[PDB]
Amino acid sequence: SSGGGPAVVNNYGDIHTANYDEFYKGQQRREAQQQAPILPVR
Amino acid sequence: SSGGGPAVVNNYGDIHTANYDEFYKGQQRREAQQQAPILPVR
Amino acid sequence: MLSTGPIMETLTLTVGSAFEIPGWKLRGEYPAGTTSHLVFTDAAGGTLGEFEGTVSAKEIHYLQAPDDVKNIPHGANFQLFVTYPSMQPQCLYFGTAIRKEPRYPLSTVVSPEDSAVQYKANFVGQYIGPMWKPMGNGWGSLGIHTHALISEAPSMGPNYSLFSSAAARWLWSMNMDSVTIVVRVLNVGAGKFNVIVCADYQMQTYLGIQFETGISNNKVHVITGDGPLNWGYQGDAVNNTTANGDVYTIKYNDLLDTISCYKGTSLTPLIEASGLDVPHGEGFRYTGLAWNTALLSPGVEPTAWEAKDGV
Amino acid sequence: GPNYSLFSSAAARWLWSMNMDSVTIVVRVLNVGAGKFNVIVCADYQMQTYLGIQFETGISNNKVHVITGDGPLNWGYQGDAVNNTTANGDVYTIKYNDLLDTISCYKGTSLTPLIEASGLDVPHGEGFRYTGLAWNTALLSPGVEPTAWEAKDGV
Amino acid sequence: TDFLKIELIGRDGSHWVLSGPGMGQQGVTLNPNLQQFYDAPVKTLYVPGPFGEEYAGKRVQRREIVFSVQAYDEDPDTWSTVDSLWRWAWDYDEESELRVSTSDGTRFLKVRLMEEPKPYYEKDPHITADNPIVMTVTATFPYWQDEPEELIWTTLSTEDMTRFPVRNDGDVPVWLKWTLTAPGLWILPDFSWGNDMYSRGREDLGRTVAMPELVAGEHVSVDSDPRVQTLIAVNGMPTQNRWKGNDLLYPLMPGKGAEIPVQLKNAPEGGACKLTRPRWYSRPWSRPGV
Amino acid sequence: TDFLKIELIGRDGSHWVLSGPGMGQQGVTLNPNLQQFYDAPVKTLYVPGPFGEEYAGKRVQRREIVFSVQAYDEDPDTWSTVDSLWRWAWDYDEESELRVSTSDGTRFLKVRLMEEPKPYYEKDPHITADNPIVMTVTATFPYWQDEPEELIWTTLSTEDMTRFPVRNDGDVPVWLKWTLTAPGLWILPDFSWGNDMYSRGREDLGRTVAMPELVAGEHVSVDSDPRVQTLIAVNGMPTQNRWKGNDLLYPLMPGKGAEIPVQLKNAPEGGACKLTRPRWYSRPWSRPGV
């Protein structure tokens, strides 16, 4: 039952419902966390 | 047979299985290739 | 479909088999005097065959010897006409002849390895060209010298701005062990000019004829390869004074295992050597030239070079 | 050569055909007896009509002839016969030149024609570009036979 | 049927009749339901506009033909021979010919294996000796074509001119090929035929372009199709390097024809030219179009 | 059928006959509908072009064979023994042979477990003692193989030369392996066979590459296969550093062969050269082609 349907689509990963804008915003947030404290205040 | 199934899904392109992580990493790698040599050593 | 038309049909041919159309296939009613003929043409329309059928009261029979049809290729298009008495011919069938037989591709095709080659060079354009690969001294070791002072054509030699010796390997190889080289050469100074045959890829081992000229050293040697710039004298030298525009033919005969050099149009070898310990066969069919001079000026250099398979 | 266990005279044709009328045949031969060896040029697909150079080895017929073929195993002679002795490892070059309509045979390294003929009446062009060899011996032992054969199109 | 014949000439020169008169003589027949076989696949382009979308042009796509053949024989050993010969008749690197013959003539398509063939049934094929092979072949050049029409004009004069009758009776524009001898300066026609692709349809009605002056021995081939470089010399000389960016721009549009003029100047020997007009069609059979 | 026999040689040396004469003697038979078993999967590359897309080459893909077997026996205990033995015949790390014998000879494929087998029905297997196992095996090397041909040349001379007869009867190019003794300087053929993938198809017709001089004890394996390093010294010395950028570039193209020359020089105690020529095919059976 699970093997061969949505339960294996989940194993496939982001083939069905998965959004681009949220992923891009998350990557931007991670980069901002990485780089914000080292940017100058000027 | 081929026309109207997975063989035309391939023509559609990245509608089914395709992840965002390696695409973003590849874009970052291309930008790093473009910009790394011209970044100063300081 | 108001008008009568032919039927697209096919014919079968076999080598060594008699071409035959049975009468019961060409049935119908045929009065006396009716004649049937079958015409085979090619892609251009040229008739490559014509045969007459044996029309009977109710059947038409075709029967030809295999030699009559052996010249008809597969894909040749046929046309079968019936002609009632006092009437124009009426085409019954038309189509194509296929050959149902063992297929021999190797007979028809000729491989590039199974082809005699002929190469030529004249150096009249004042450029080396892409067909000569420098050897010994690396890239840019060759050059073209005009000899405009005398009424002579340009000749290939070493790049005397950098080197006094050089080699050149003709880019492609021969397809036979036996080979003929024809060189029209100029003697404008002292030096040694080698015509090299049966060479390997890097010209490490080869046979060759060396024309040496100098103040008192005008002779011809048979040399073996020790590298593109080194050689070993084989046998005794033969005195030979080279003049401008002299034509020499270097023929290596494989079955005789003999490399000989003829001067001009002489029917007797100017020099000759046999039984040299040099590898021959596939991988040992490259050819080339070499130059070596003490001074940085041209010595003996080829105005015209030509090569051909076989002797 | 012929398989002397059950044959005496035998002819062979090269499977392929030359692409041009002029041709060169370089043959290295052996003389292990008495007989006749024909190098066959400009033959048809059955070797019915052809030119040829025949090497005869014998007590009194150590000679070379120019031959015109009437069938693979039967032939006639044209012109005189040139004296020639053949040793083991002898190399002969039979050149047919179409421009001069000539057939010539050279021995060893010399470029002078050992034998020559011109104007012989044989068909040429397409369908007459087949080469071959022939052996004819009175005894059942090898005579003059080729150890090496090579053909080149054109002269 | 006798109205249609389909043959395959393999890359090895083998000849097969899949359908039509004499089909199956070599052991292989053609199963039904073959796709992308008749019309050349073309996709059209559209830009956004005030009334929806506006036409932007068309592009012809490569043919992706999928078809099944049936290899049969009475005994399994001969069936194996037939299957092996059929497999040998195909390749990936080089293309085999697929000819269609009707009352409109014979048109051929060059096809190669797009992927591995899918042979046989579920069980082993020696049980049946009658097995299907599904084949996915591809046509890089998607148009069906006939033998091109060739014309030759030779001259001995130093300066001369000639007229070549040309007419596209097919469905699609064709690109002309020229073979020009050397030495000599040629002027070749590049008529627009009313084609407005560069917005010069009637400005280039009588366009003629001069090739660079050919030196001795530099016979050239001037192929106007975009697949290949335009000017190529047979002696290897870089002819197009001397052409200042000039080119042939226009194909012979369908339904168009005229007496195109060829001019030769500065030819001391007097040269020759040959015009090749391809016969491309988008369909295996079609009535001629005026 | 007697025309086709399929066997498995397991990683533990077990011999199973799945199909053909003697099938099922070890308890395991082969079920129909086996995929990617006959033709080597090849993908073709296409790149945009003027008339759609243009052919850009081919890439062969690893084989993925999904096939079912049936393990059967009269009693559940001995059936369990048979099933355990069949499972023990396979592994993930090490490969086992799948051999197909027909009138064209015997050709094998090295296959390994791609994933875990899917055994039995939905109920208890001991109920029926006759159960199917679904196997998803993979072939990293996708070509069916025959036993490679080995040739030995031993010479006592300081300098010598030999002619190795070589011929590719398969439908795919093969890569030669050499085993050269030391000391001595070897010259090995790297003939292009007309292959033009380095733009030197005719320039390298008789190409020979000179290996670096070998000191005593430096026996070398010189494999042209891209999967392995070309020069491998048996004692671990870096011998590719003395090779100056030269390499063996060309495989043995299909339908090609000759007497390739191998030269040995400067050998104080003679030398031995072994030539291994693989025999690769893209099908379990096929008639010879030329």
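Residues numbered from 1 in each chain as written, not as in the entry; some residues may be left out. Chains lettered and ligands numbered in written order. Part of a larger assembly, values for the part shown. Heavy atoms only, no water.

Chemist: I'd like a description of the overall build of chain E, backed by residues and values.
Modeler: Check the secondary structure of chain E and you find 1 helix and 19 strands. Within chain E, counting contacts between residues at least 6 apart in sequence, those at least 24 apart form 70% of the total. Accessible area of chain E: about 13500 Å², with a carbon and sulfur share of 52%. Averaging the positions of the 30 positive and the 42 negative side-chain charges in chain E gives two centres separated by 7 Å. (Helix = DSSP H or I, 4+ residues; strand = E, 2+ residues; numbered from the N terminus. Contact = heavy atoms within 4.5 Å. Areas by Shrake-Rupley, 256 points an atom, 1.4 Å probe, with all protein chains shown as cover. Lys, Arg positive; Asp, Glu negative; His and termini not counted. Charge placed at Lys NZ, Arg CZ, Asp CG, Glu CD.)

Chemist: Tell me what's going on with the interface of chain F and chain E, and back it up with residues and numbers.
Modeler: The parts lose accessible area when they come together, and the size of an interface is often stated as this lost area. Contact with chain F, which involves 28 residues of that partner, is made by 36 residues of chain E. A per-residue breakdown of the area chain F buries against chain E is headed by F51, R283 and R287 of chain F, which together make up 26% of the total. Counting across the chain F and chain E interface gives 3 salt bridges. Across the pair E53 of chain F and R62 of chain E runs a salt bridge whose closest N-O atoms are separated by 3.2 Å. (Buried area = accessible area lost by both parts, 1.4 Å probe. Salt bridge = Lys/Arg side-chain N within 4 Å of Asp/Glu carboxyl O.)

Chemist: Mind laying out the interface of chain C and chain F, listing which residues take part and the relevant values?
Modeler: Contacts between the two partners involve 15 residues from chain C and, on the opposite side, 17 residues from chain F. Summing both sides of the interface, chain C and chain F together bury roughly 1300 Å²; the carbon and sulfur share of this comes to 51%. The largest per-residue losses of area from chain C upon contact with chain F belong to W172, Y201 and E282 of chain C, which jointly make up 41% of the total buried on that side. For the interface between chain C and chain F, the tally reads 1 salt bridge. When the shortest N-O distance is used, the salt bridge between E282 of chain C and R163 of chain F registers 2.5 Å. Our enumeration of links across chain C and chain F arrives at 6 residue pairs in polar contact. Split into classes, the residues belonging to the side of chain C that touches chain F amount to 9 nonpolar, 4 polar and 2 charged. (Polar contact = N/O pair within 3.5 Å; in protein donor to acceptor, adjacent residues only side chain to side chain. Nonpolar A, V, L, I, M, F, W, Y, C, P; charged D, E, K, R; others polar.)

Chemist: How would you summarise empty space enclosed by the protein if you had to cite specific residues and measurements?
Modeler: One pass over the structure, following the stated rule, counts 7 cavities of 30 Å³ or more. Taken together, the elements giving at least two residues each to the lining of the largest cavity come down to strand 19 (246–253) and strand 20 (258–263) of chain C together with strand 7 (90–97) of chain D. By residue number, the principal contributor to the lining of the largest cavity is strand 20 of chain C, which donates 3 residues. Here the residues of the lining of the largest cavity sort into 5 nonpolar, 7 polar and 2 charged. (1 Å grid on protein atoms, 1.4 Å probe; cavity = no way out; pocket = protein on both sides within 12 Å on 5 of 7 lines; lining within 4 Å. Points joined across faces, edges and corners; volume = space filled by probe spheres on them.)

Chemist: Give me the lowdown on the relation of the copies chain F and chain E, citing residues and values where you can.
Modeler: At an RMSD of 0.6 Å, chain F and chain E line up after a rotation of 62° and a shift of 0.3 Å along the axis. This pairing of chains is accounted for by a six-fold axis. Rotation axis and chain F: the residue whose C-alpha lies nearest the axis is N33 of chain F, separated from it by 22 Å. (Least-squares fit on C-alpha atoms.)

Chemist: Give a detailed account of a negative patch on the surface, specifying residues and quantitative values.
Modeler: Taken together, the side chains of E74, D75 and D77 of chain E together with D2 of chain F present a region of like negative charge at the surface. Looking at where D77 of chain E falls in the secondary structure, it is placed in helix 1 (residues 76–88). (Patch = residues over 30% accessible without salt bridge, like charges linked within 9 Å, V, L, I, M, F, W, Y side chains within 5 Å.)

Chemist: Account for the environment of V9 of chain A, with residues named and values stated.
Modeler: Residues and elements named next belong to chain A. On the secondary structure map, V9 appears in helix 1 (residues 6–12). Sequence separation of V9 and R30 is 21 residues, and the distance between their C-alpha atoms is 27 Å. In this view, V9 contacts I15 and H16; residues no more than four positions away in its chain are not counted.

Chemist: Tell me about unusual backbone geometry, and please be specific about residues and values.
Modeler: Cis geometry marks the peptide bond from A182 of chain E to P183 of chain E, where omega comes out at 0°. The residue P183 of chain E is located in the loop between strand 13 (177–180) and strand 14 (185–189) in this model. Positioned with a positive phi, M47 of chain D is a non-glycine residue whose angle comes to about 55°. Mapped onto the elements of the fold, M47 of chain D is located in the loop between strand 3 (35–43) and strand 4 (51–57). For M47 of chain D, a relative accessible area of 3% translates into the label buried. (Buried < 20%, exposed > 50% of the residue type's maximum accessible area, 1.4 Å probe, protein only.)

Chemist: How would you sum up the sheet that holds strand 23 (residues 300–309) of chain C? Please name residues and give values.
Modeler: Residues and elements named next belong to chain C. Taken together, 6 strands build an open sheet; the order of strands is 9-23-14-19-20-21 and the sheet is antiparallel. This sheet does not close on itself; its edge strands, each paired only once, are strand 9 (118–121) and strand 21 (271–274). Across this sheet, the average inter-strand angle for adjacent strands is 15°, counted without regard to direction. (Pairing = 2+ DSSP bridges. Axes fitted to C-alpha atoms, helices over the stretch in contact; angles between N-to-C directions.)

Chemist: Outline the sheet that holds strand 10 (residues 132–135) of chain C, supporting the account with residue identities and numerical values.
Modeler: All names here are of chain C. Read from one edge to the other, the open sheet built from 7 strands follows the order 10-13-22-15-16-17-18, with strand pairing classed as antiparallel. Single-partner strands in this sheet number two, and they are strand 10 and strand 18 (231–239). Across this sheet, the average inter-strand angle for adjacent strands is 20°, counted without regard to direction. Relative to strand 22 (residues 286–292), strand 13 (residues 165–170) runs antiparallel, the two sharing 5 bridges. Note that in strand 22 the partner of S165 across the bridge is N292.

Chemist: Hey, could you go over the environment of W291 of chain C for me, with residue numbers and the actual values?
Modeler: Residues and elements named next belong to chain C. When you line up the elements, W291 lands in strand 22. Note on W291: relative accessible area 1%, which makes it buried. From its side chain, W291 meets the backbone oxygen of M156 in a polar contact 3.4 Å long.

Chemist: Let's hear about the side chain of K219 of chain C: which residues, and what values?
Modeler: All names here are of chain C. Here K219 shows up in strand 17 (residues 219–225). For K219, a relative accessible area of 14% puts it in the buried group. Excluding anything up to four places from it in sequence, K219 contacts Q210, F211, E212, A237, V238, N239 and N240.

Honestly, that's just the spatial picture; any functional story needs more than this.
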